[PDB]
C-alpha cells in the first residue's frame, strides 16, 4: 500500500462537522477513497505520521464505546495525540458552564469531538470554539460521522450505493444515526427505495423527511413506511440497517428470507432486536462496520487538520 497517496479532502480543511447536510457526493467519494487507502496502508503495517503534535480532545457528555474509541484510535494511527478529558472528573462539578468548558479544551487542542444529550449543544459550542468541533452525537439530532462510515460500509460490502433498497429499522424518531444516514443517502446518491420500519410512535420525523422532499421527488426515490419486517422488506432490501430502542427482530429464522447479496448493519450497541444467531452469517456486516468506522474517521481527521 506504500505507493498510494493520502490526499486530504480539501473542502473539509479547518471545518467543523455537524451535519450530513454539509457534504457533497464528491466529498463523500473522496473520503471513501481516502479511507480505503488509509486501510490498505494500516493493514500492511505502515506507520503514519501525518498529525504528529496535533491534539484531539474528546468531550463526551454521555456514554460511548465505539465513537470515542474509534476517534482516539483514528487520531493515534495518524500520528496524533489525545488529551483524555473526562466530564465527571472535571470542573463542571464546581458549576462550570458548557461554553466555559469548550473555551477550556479549545485552549489546548487542534480538534474537539463532542457528544451531548442536548440537540442545541453543538450550536452553543460552535459559537465559542476557534478549533473545529466534530459532532459525535447531539441528542436525537444527528451523528454525521456515523452516516459517513455507514456509507463507506455499504460501498465496500456491496460495491455500489446508487440503486440500493435500504431498510431503516427501529427507533427512527430518536435515532440520530438514521437521521444522518437518510439525509446523506437521499441528498447524494440515487437510492432506489427506503423502507422506514418502525412502530407508529417511533417513525422517522417530519423535520428529517420534509427538507428531503425535492430530492425524493426529483430522483424518484421510493419511500415506504411499515411497522414490521414484512416478507417484502426482507426480500427487496440490499441493506437492513437496524437500531436499538434508545415485530422488527432480526434472527437466523428471519434471515432465511433475505437476498444472498445483502448486508445487515447496526450502529451498535444492540439489544435483542438483532440476535447473536445472525453473527456467523457472512451478511452480518455490523462488526466490520466498526473497523470501517476507524478508517473513515482517519480520512475525516486528516482532511479536517491537514
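Numbering follows the first chain given and starts at 1.
Enquirer: I want to verify a possible break: how many residues of the deposited sequence sit between residue 246 and residue 247 without any coordinates (none, 1 to 3, 4 to 9, 10 or more)?
Expert: Unresolved stretch here: 10 or more residues.
Enquirer: Decide which of the stretches 35-43 and 251-259 has the higher mean C-alpha B-factor, going by the entry.
Expert: The entry gives the higher C-alpha B-factor average to 251-259.
Enquirer: So 103-111 or 82-90, which one's hotter by mean CA B-factor in the entry?
Expert: On average, C-alpha B-factors are higher across 82-90.
Enquirer: From 169, 133, 233, 147, can you pick the one with the highest C-alpha B factor in the entry?
Expert: Reading the PDB entry, the winner on C-alpha B-factor is 233.
Enquirer: Say you rank 218, 138, 153, 180 by Cα B-factor from the PDB entry; which sits at the top?
Expert: Max CA B-factor in the entry, restricted to 218, 138, 153, 180: 218.
Enquirer: Where does the C-alpha B-factor of residue 29 rank in its chain, lowest, middle or highest third?
Expert: It belongs to the middle third of the chain when residues are ordered by C-alpha B-factor.
Enquirer: Could you say whether, by C-alpha temperature factor, residue 198 belongs to the lowest, middle or highest third of its chain?
Expert: For residue 198, the deposited C-alpha B-factor lands in the highest third.
Enquirer: Give the position of residue 184 by CA B-factor within its chain, expressed as the lowest, middle or highest third.
Expert: It falls in the bottom third of the chain.
Enquirer: Once the chain's modelled residues are ordered by C-alpha B factor and cut into thirds, is residue 60 in the lowest, middle or highest one?
Expert: Middle third, going by the recorded CA B-factors of the chain.
Enquirer: Based on the entry's values, in what third of the chain does the Cα temperature factor of residue 210 lie: lowest, middle or highest?
Expert: According to the entry, residue 210 has a C-alpha B-factor in the chain's highest third.
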